[PDB]
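**Q** Can you keep this structure in mind? I'll have questions shortly.
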Amino acid sequence: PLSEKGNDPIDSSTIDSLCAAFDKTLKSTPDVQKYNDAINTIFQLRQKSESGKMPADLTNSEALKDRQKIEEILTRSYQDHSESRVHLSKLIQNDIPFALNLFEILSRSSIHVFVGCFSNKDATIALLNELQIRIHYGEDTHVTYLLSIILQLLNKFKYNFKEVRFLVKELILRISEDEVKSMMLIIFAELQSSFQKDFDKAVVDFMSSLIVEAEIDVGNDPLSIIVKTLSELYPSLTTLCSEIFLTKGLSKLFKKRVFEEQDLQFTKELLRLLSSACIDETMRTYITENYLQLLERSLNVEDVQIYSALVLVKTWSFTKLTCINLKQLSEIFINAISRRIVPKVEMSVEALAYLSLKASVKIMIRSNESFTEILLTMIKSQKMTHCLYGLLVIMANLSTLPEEXXXXXXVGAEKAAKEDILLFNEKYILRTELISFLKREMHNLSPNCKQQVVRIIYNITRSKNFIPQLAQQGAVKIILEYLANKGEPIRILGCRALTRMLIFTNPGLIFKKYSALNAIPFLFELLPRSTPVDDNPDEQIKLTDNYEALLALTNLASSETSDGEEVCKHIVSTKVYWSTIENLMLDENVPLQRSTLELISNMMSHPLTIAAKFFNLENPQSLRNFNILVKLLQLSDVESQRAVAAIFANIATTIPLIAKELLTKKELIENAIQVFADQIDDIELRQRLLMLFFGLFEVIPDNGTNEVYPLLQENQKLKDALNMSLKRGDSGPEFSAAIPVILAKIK
């Protein structure tokens, strides 16, 4: 040792034991007293008699300083050490009320610390107990905070309901208060998906308690709590509420309180229910069968005219009453929405989004130019979120014009509104550059809102003239970017839209930036398919669409832009797209078969993409297609012969080798010759046929003698039919010099 060495020995043992007790307090977790010390200090404040009432030194308003200070000291002792954390939980669970008084006036974020001090579910019961209380008595100011503890207390444990069921009662019992009603929907959503029918029924059970109370004529005023709770929880538990809204005598009890009593305020409250219940076609009908006389006499007091009407509209009960008519009935919503009574502005839209379905209204609205202007402004600038859908729905029903041998006999009333509608649209939709406007806000529009934009556009395309202008405003952008999402009917309608537009516009002035192969997928959807449909439910693809899409499809081929080669390539390429156009080439239906031939015709101008499909001829497939074309050379439908002739005309020139090979083919030659002479009448058809001949003889050596070609060399029909052409007329400005050069090779 060192200390046992001397006249005053201290035996090194009394020294270890010494540093041991100096080392024990020097080895175990630092700053814990300080923390628990500071905490106790805070918890000292509690000694203020009346339930540790928070002395107003702290509550007040400028005291935010002194609080933030307390919230930190608490959080500290809580998130640094476990020992300090454990302390804070003991002092809190020890005086749970005070504990609550203390925290309430702290930040919302402080809750995680209060709850984080509750170790296991069991320990939280003395707590839920106070909570049922503070809530029931409505004494405590800050409900939002107490109920936020609830929501977190819930989300953090696995409760049994037998322990939280009190929420239903206590929360419903305060439905009147917006601070609660709000925290209720939340706390309820949880309770729902966590106790399903166990909750689902405890609610119906409580509510039943209220309807019984109202039946006996006892209570704080049941009926109101009920009505208010029903309308409020209707969206959340649609199914449920109805199972209560029906309840035998309830339907009576409401009415009695509304008739044999003023309660103007109660009345209004009921009308807010009737409207909230308008879900399944059943309730709507129920509401009519049971609450019609109400809605009727209600429309007398302004305080309940809007709430009444809206019900009559959303239920269609207006079609009964001898006191109003569609004209007046709607004037109410048009009246108010004229930058006036803001409280009505929203529901009058929703109302008018319906009424603007029966034309009587449609006509009416496109007349009142001012209202239309308010609406137009109401959509754009306004940025009145929820009012958009209806305003956009009204702006779809408004722009909706009816869809529609020789008749030289003697009716034309339909030219009335037709005109009006194409007027309206051009006036307020196209000029107001509204389509252009929507182009920008599109990204944000609610899914539903978007759809209305697709209808507005679709309604514009019904009349070709507008297509051009509607294009610069970015429509083809809208529709196409939309179609790049999800098999609903709206989609086949926006598809039709896209097609009508690509038919009447220039592929350059549009796909001058965002490529074209993007439109192809959509166009084909309006054509037949060998693949197991798309999504499947419900709307059909009329034959008229096959025609329309074909027209637009051809257009996108015409262009001699490098983009065109690109388009054509894509078509003849994608095995499915070609297997389709190939089949439609043999369609017995004429508009189809010709447009398809007109498509192929155009594609042929960018050879390397389709050529090998008809003029290869070493290929069974091409040869097949080759002969088909040679027969269609003599189709009744003259507009098709032109296309077929066109085809043969081009490649025969564009690719000499082929021309030479055609000199061998009989039926090709015999037909081309015949129709050429038997239909010299047609100007295009002959103009075409001549080119073929210019090109064919073009690969026929004159001095070459050695090898000759009869069918064209001789054939008096062609020979003389060539001369009849030569005998002035419409031989064409160019292809004239050819005629004699050609006879220069005949016998």
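By convention in this document, the chains of the structure tokens carry letters A, B, ... by their order, each chain's residues are numbered from 1, and ligands are numbered from 1 in the order they are shown.
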Write out as a PyMOL selection string the residues lying within 10 Å of residue 31 (chain A), counting only C-alpha atoms and excluding same-chain residues fewer than 5 positions away.
**A** chain A and resi 36-37+77+80-81+84
**Q** With N, CA and C atoms retained, export the selected residues as a PDB file, in the first residue's frame.
**A**
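Ended up saving to again00.pdb:
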ATOM      1  N   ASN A  36     -34.399  16.436 -13.364  1.00  0.00           N
ATOM      2  CA  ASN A  36     -35.520  16.157 -12.482  1.00  0.00           C
ATOM      3  C   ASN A  36     -35.726  17.317 -11.520  1.00  0.00           C
ATOM      4  N   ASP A  37     -34.639  18.019 -11.213  1.00  0.00           N
ATOM      5  CA  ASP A  37     -34.681  19.169 -10.314  1.00  0.00           C
ATOM      6  C   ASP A  37     -35.532  20.252 -10.968  1.00  0.00           C
ATOM      7  N   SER A  77     -35.830  16.992 -20.211  1.00  0.00           N
ATOM      8  CA  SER A  77     -35.846  15.921 -19.236  1.00  0.00           C
ATOM      9  C   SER A  77     -36.438  14.674 -19.882  1.00  0.00           C
ATOM     10  N   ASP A  80     -33.449  13.289 -23.341  1.00  0.00           N
ATOM     11  CA  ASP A  80     -32.003  13.175 -23.191  1.00  0.00           C
ATOM     12  C   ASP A  80     -31.680  11.842 -22.534  1.00  0.00           C
ATOM     13  N   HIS A  81     -32.204  11.654 -21.328  1.00  0.00           N
ATOM     14  CA  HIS A  81     -31.985  10.438 -20.558  1.00  0.00           C
ATOM     15  C   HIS A  81     -33.270   9.673 -20.313  1.00  0.00           C
ATOM     16  N   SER A  84     -34.326  10.540 -16.638  1.00  0.00           N
ATOM     17  CA  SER A  84     -35.054  11.789 -16.558  1.00  0.00           C
ATOM     18  C   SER A  84     -36.435  11.588 -17.171  1.00  0.00           C
TER      19      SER A  84
END
**Q** Name all residues at most 10 Å from residue 359 (chain A) (count only C-alpha atoms; drop same-chain ones fewer than 3 positions away) and give them as a ChimeraX atom specification.
**A** /A:355-356,362-365,397-398,400,417
**Q** When you draw a straight line from CA of residue 732 (chain A) to CA of residue 686 (chain A), how long is it in Å?
**A**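 Between CA of residue 732 (chain A) and CA of residue 686 (chain A) the gap is 9.3 Å.
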**Q** Which one of A:54, A:202, A:212, A:493 sits closest to residue 99 (chain A) if you count only C-alpha atoms?
**A**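 When distances to residue 99 (chain A) are compared using only C-alpha atoms, the smallest one comes from A:54.
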**Q** Taking the chain letters and numbering used in this document, name the residues of region 127-242 of chain A that DSSP puts in helix (DSSP H, G or I), as a ChimeraX atom specification.
**A** /A:127-137,143-156,166-172,178-216,222-233,238-242
**Q** If we count only C-alpha atoms and set the cut-off at 10 Å, which residues sit around residue 625 (chain A), ignoring sequence neighbours fewer than 3 positions away in its own chain? Please answer as an NGL selection string.
**A** :A and (582 or 585 or 613-617 or 619-622 or 628-630)
**Q** Atoms to include: C-alpha atoms. Write the selected residues as a PDB file, in the first residue's frame.
**A**
ATOM      1  CA  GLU A 582     -54.583  -4.754 -94.271  1.00  0.00           C
ATOM      2  CA  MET A 585     -58.594  -3.053 -97.201  1.00  0.00           C
ATOM      3  CA  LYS A 613     -45.804  -5.157 -98.903  1.00  0.00           C
ATOM      4  CA  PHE A 614     -47.375  -4.941-102.391  1.00  0.00           C
ATOM      5  CA  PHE A 615     -44.621  -4.876-104.972  1.00  0.00           C
ATOM      6  CA  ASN A 616     -42.197  -7.444-103.683  1.00  0.00           C
ATOM      7  CA  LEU A 617     -44.001 -10.361-105.323  1.00  0.00           C
ATOM      8  CA  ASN A 619     -43.371 -13.001-101.110  1.00  0.00           C
ATOM      9  CA  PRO A 620     -46.701 -14.904-100.873  1.00  0.00           C
ATOM     10  CA  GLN A 621     -47.986 -12.157 -98.596  1.00  0.00           C
ATOM     11  CA  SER A 622     -47.018  -9.220-100.847  1.00  0.00           C
ATOM     12  CA  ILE A 628     -56.051  -7.600-104.242  1.00  0.00           C
ATOM     13  CA  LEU A 629     -55.009  -4.133-105.264  1.00  0.00           C
ATOM     14  CA  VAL A 630     -55.203  -5.084-108.923  1.00  0.00           C
TER      15      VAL A 630
END
**Q** Which residues are close to region 434-444 of chain A, i.e. within 10 Å by only C-alpha atoms, leaving aside same-chain residues fewer than 5 positions away? Reply as an mmCIF file with N, CA and C atoms, in the first residue's frame.
**A**
data_model
loop_
_atom_site.group_PDB
_atom_site.id
_atom_site.type_symbol
_atom_site.label_atom_id
_atom_site.label_comp_id
_atom_site.auth_asym_id
_atom_site.auth_seq_id
_atom_site.Cartn_x
_atom_site.Cartn_y
_atom_site.Cartn_z
ATOM 1 N N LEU A 376 -67.790 33.026 -66.698
ATOM 2 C CA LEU A 376 -66.471 33.019 -67.331
ATOM 3 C C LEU A 376 -65.392 33.577 -66.408
ATOM 4 N N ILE A 379 -64.611 31.250 -63.380
ATOM 5 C CA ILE A 379 -63.775 30.084 -63.650
ATOM 6 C C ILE A 379 -62.309 30.497 -63.622
ATOM 7 N N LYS A 380 -61.974 31.439 -64.504
ATOM 8 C CA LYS A 380 -60.619 31.968 -64.641
ATOM 9 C C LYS A 380 -60.096 32.541 -63.328
ATOM 10 N N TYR A 428 -67.882 32.834 -76.046
ATOM 11 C CA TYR A 428 -67.289 32.647 -74.720
ATOM 12 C C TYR A 428 -66.250 31.566 -74.439
ATOM 13 N N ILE A 429 -66.139 30.569 -75.300
ATOM 14 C CA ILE A 429 -65.170 29.520 -75.045
ATOM 15 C C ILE A 429 -63.898 29.740 -75.838
ATOM 16 N N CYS A 449 -62.647 17.533 -62.633
ATOM 17 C CA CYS A 449 -62.589 18.797 -63.351
ATOM 18 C C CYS A 449 -61.996 18.571 -64.742
ATOM 19 N N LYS A 450 -60.885 17.850 -64.813
ATOM 20 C CA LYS A 450 -60.271 17.583 -66.104
ATOM 21 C C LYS A 450 -61.327 17.089 -67.092
ATOM 22 N N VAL A 453 -63.148 19.414 -69.084
ATOM 23 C CA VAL A 453 -62.354 20.113 -70.077
ATOM 24 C C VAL A 453 -62.332 19.275 -71.356
ATOM 25 N N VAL A 454 -62.386 17.956 -71.205
ATOM 26 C CA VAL A 454 -62.385 17.079 -72.369
ATOM 27 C C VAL A 454 -63.718 17.192 -73.070
ATOM 28 N N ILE A 456 -65.744 19.922 -73.016
ATOM 29 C CA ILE A 456 -65.835 21.253 -73.614
ATOM 30 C C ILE A 456 -65.149 21.237 -74.972
ATOM 31 N N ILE A 457 -63.950 20.671 -74.998
ATOM 32 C CA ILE A 457 -63.205 20.558 -76.234
ATOM 33 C C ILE A 457 -64.048 19.748 -77.226
ATOM 34 N N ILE A 460 -66.523 21.426 -79.008
ATOM 35 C CA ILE A 460 -66.046 22.417 -79.960
ATOM 36 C C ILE A 460 -65.762 21.722 -81.286
ATOM 37 N N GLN A 469 -58.674 27.272 -84.705
ATOM 38 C CA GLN A 469 -58.415 28.164 -83.580
ATOM 39 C C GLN A 469 -58.220 27.391 -82.277
ATOM 40 N N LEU A 470 -59.091 26.409 -82.064
ATOM 41 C CA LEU A 470 -59.038 25.568 -80.877
ATOM 42 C C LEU A 470 -57.727 24.784 -80.820
ATOM 43 N N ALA A 471 -56.983 24.790 -81.922
ATOM 44 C CA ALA A 471 -55.713 24.072 -81.984
ATOM 45 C C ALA A 471 -54.567 24.907 -81.406
ATOM 46 N N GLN A 472 -54.528 26.190 -81.758
ATOM 47 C CA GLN A 472 -53.490 27.089 -81.268
ATOM 48 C C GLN A 472 -53.604 27.287 -79.771
ATOM 49 N N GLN A 473 -54.816 27.127 -79.247
ATOM 50 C CA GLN A 473 -55.027 27.290 -77.825
ATOM 51 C C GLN A 473 -54.531 26.085 -77.048
ATOM 52 N N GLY A 474 -53.923 25.138 -77.759
ATOM 53 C CA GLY A 474 -53.353 23.956 -77.128
ATOM 54 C C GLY A 474 -54.223 22.738 -76.878
ATOM 55 N N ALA A 475 -55.379 22.659 -77.537
ATOM 56 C CA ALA A 475 -56.296 21.533 -77.358
ATOM 57 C C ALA A 475 -55.628 20.193 -77.633
ATOM 58 N N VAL A 476 -55.070 20.042 -78.828
ATOM 59 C CA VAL A 476 -54.417 18.797 -79.183
ATOM 60 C C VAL A 476 -53.349 18.451 -78.150
ATOM 61 N N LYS A 477 -52.953 19.436 -77.353
ATOM 62 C CA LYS A 477 -51.976 19.188 -76.294
ATOM 63 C C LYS A 477 -52.767 18.590 -75.119
ATOM 64 N N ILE A 478 -53.796 19.319 -74.702
ATOM 65 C CA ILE A 478 -54.652 18.893 -73.613
ATOM 66 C C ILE A 478 -55.044 17.425 -73.797
ATOM 67 N N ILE A 479 -56.003 17.184 -74.698
ATOM 68 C CA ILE A 479 -56.523 15.846 -75.014
ATOM 69 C C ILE A 479 -55.462 14.751 -75.049
ATOM 70 N N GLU A 481 -52.305 14.746 -73.804
ATOM 71 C CA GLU A 481 -51.552 14.569 -72.567
ATOM 72 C C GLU A 481 -52.450 13.833 -71.574
ATOM 73 N N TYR A 482 -53.754 14.078 -71.695
ATOM 74 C CA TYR A 482 -54.753 13.443 -70.848
ATOM 75 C C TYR A 482 -54.826 11.972 -71.227
#
**Q** Under the rule that only C-alpha atoms are counted, which of A:137, A:283, A:703, A:260 is the nearest residue to residue 243 (chain A)?
**A**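 Checking each candidate against residue 243 (chain A), we get A:283 as the closest.
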**Q** So that I can check the surroundings of residue 113 (chain A), please list as a list in words every protein, DNA and RNA residue that reaches within 10 Å of it, counting only C-alpha atoms and ignoring chain neighbours fewer than 6 positions away.
**A**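 Here the answer would be residues 71, 74, 75, 76, 78, 79, 85, 88, 89 and 103 of chain A.
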**Q** Could you dump the residues just selected with N, CA and C atoms as an mmCIF file, in the first residue's frame?
**A**
data_model
loop_
_atom_site.group_PDB
_atom_site.id
_atom_site.type_symbol
_atom_site.label_atom_id
_atom_site.label_comp_id
_atom_site.auth_asym_id
_atom_site.auth_seq_id
_atom_site.Cartn_x
_atom_site.Cartn_y
_atom_site.Cartn_z
ATOM 1 N N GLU A 71 -41.914 24.290 -21.999
ATOM 2 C CA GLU A 71 -42.047 23.228 -22.996
ATOM 3 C C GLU A 71 -40.675 22.618 -23.300
ATOM 4 N N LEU A 74 -39.288 20.624 -20.258
ATOM 5 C CA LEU A 74 -40.001 19.346 -20.196
ATOM 6 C C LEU A 74 -39.403 18.388 -21.208
ATOM 7 N N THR A 75 -39.470 18.777 -22.482
ATOM 8 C CA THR A 75 -38.947 17.979 -23.590
ATOM 9 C C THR A 75 -37.529 17.483 -23.325
ATOM 10 N N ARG A 76 -36.731 18.323 -22.675
ATOM 11 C CA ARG A 76 -35.344 17.999 -22.354
ATOM 12 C C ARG A 76 -35.289 16.806 -21.408
ATOM 13 N N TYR A 78 -37.189 14.856 -20.957
ATOM 14 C CA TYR A 78 -37.808 13.728 -21.616
ATOM 15 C C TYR A 78 -36.999 13.043 -22.708
ATOM 16 N N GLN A 79 -36.275 13.798 -23.533
ATOM 17 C CA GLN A 79 -35.524 13.163 -24.615
ATOM 18 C C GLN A 79 -34.012 13.082 -24.527
ATOM 19 N N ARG A 85 -36.502 10.782 -18.230
ATOM 20 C CA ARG A 85 -37.775 10.510 -18.890
ATOM 21 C C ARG A 85 -38.719 9.799 -17.923
ATOM 22 N N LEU A 88 -40.214 12.265 -15.287
ATOM 23 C CA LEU A 88 -41.325 13.030 -15.832
ATOM 24 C C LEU A 88 -42.624 12.249 -15.934
ATOM 25 N N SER A 89 -42.522 10.944 -16.159
ATOM 26 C CA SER A 89 -43.719 10.127 -16.264
ATOM 27 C C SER A 89 -44.341 9.876 -14.899
ATOM 28 N N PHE A 103 -49.687 20.941 -19.900
ATOM 29 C CA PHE A 103 -49.406 20.757 -21.321
ATOM 30 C C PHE A 103 -50.303 21.481 -22.337
#
**Q** Between A:72, A:217, A:346, A:23, which is the closest to residue 39 (chain A) once you count only C-alpha atoms?
**A** A:72
**Q** Please provide as a list in words all residues within 12 Å of residue 515 (chain A), with the sequence filter that same-chain residues fewer than 4 positions apart are discarded (counting only C-alpha atoms).
**A**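 With the cut-off at 12 Å, the set is residues 477, 480, 507, 508, 509, 510, 511, 519, 520, 556, 561, 562, 563, 564, 566 and 567 of chain A.
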**Q** Limited to N, CA and C atoms, could you put the picked residues into a file as a CSV table (one decimal), in the first residue's frame?
**A**
chain,number,residue,atom,x,y,z
A,477,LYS,N,-53.0,19.4,-77.4
A,477,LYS,CA,-52.0,19.2,-76.3
A,477,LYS,C,-52.8,18.6,-75.1
A,480,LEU,N,-54.4,15.0,-75.8
A,480,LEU,CA,-53.3,14.0,-75.9
A,480,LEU,C,-52.5,13.7,-74.6
A,507,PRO,N,-50.2,18.7,-89.8
A,507,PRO,CA,-49.3,17.9,-89.0
A,507,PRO,C,-48.0,18.7,-88.6
A,508,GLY,N,-47.7,19.7,-89.4
A,508,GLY,CA,-46.5,20.5,-89.2
A,508,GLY,C,-46.8,21.6,-88.2
A,509,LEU,N,-47.9,22.3,-88.4
A,509,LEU,CA,-48.3,23.4,-87.5
A,509,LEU,C,-48.6,22.9,-86.0
A,510,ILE,N,-48.7,21.6,-85.9
A,510,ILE,CA,-49.0,21.0,-84.6
A,510,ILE,C,-47.8,20.2,-84.0
A,511,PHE,N,-47.5,19.1,-84.6
A,511,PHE,CA,-46.5,18.2,-84.2
A,511,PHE,C,-45.1,18.8,-84.6
A,519,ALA,N,-49.9,10.3,-81.3
A,519,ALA,CA,-51.3,10.3,-81.6
A,519,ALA,C,-51.7,9.0,-82.1
A,520,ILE,N,-50.9,8.2,-82.8
A,520,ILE,CA,-51.2,6.9,-83.4
A,520,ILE,C,-51.9,5.9,-82.4
A,556,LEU,N,-52.0,12.3,-91.2
A,556,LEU,CA,-50.7,12.1,-90.6
A,556,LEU,C,-49.6,11.4,-91.4
A,561,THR,N,-42.8,15.5,-94.6
A,561,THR,CA,-41.9,15.9,-93.6
A,561,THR,C,-41.2,14.5,-93.3
A,562,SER,N,-40.0,14.6,-92.6
A,562,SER,CA,-39.3,13.4,-92.3
A,562,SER,C,-40.2,12.7,-91.2
A,563,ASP,N,-41.1,13.5,-90.6
A,563,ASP,CA,-42.0,12.9,-89.6
A,563,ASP,C,-43.0,12.0,-90.2
A,564,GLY,N,-43.3,12.3,-91.5
A,564,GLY,CA,-44.3,11.4,-92.2
A,564,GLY,C,-43.7,10.0,-92.4
A,566,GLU,N,-41.6,8.7,-90.8
A,566,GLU,CA,-41.6,8.2,-89.5
A,566,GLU,C,-43.0,7.6,-89.1
A,567,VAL,N,-44.1,8.4,-89.4
A,567,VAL,CA,-45.4,7.9,-89.1
A,567,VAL,C,-45.7,6.6,-89.9
**Q** Name the residues in contact with residue 335 (chain A) at a cut-off of 10 Å, using only C-alpha atoms, excluding same-chain residues fewer than 6 positions from it; report them as an MDAnalysis selection string.
**A** chainID A and resid 328 341 344:345 348 371
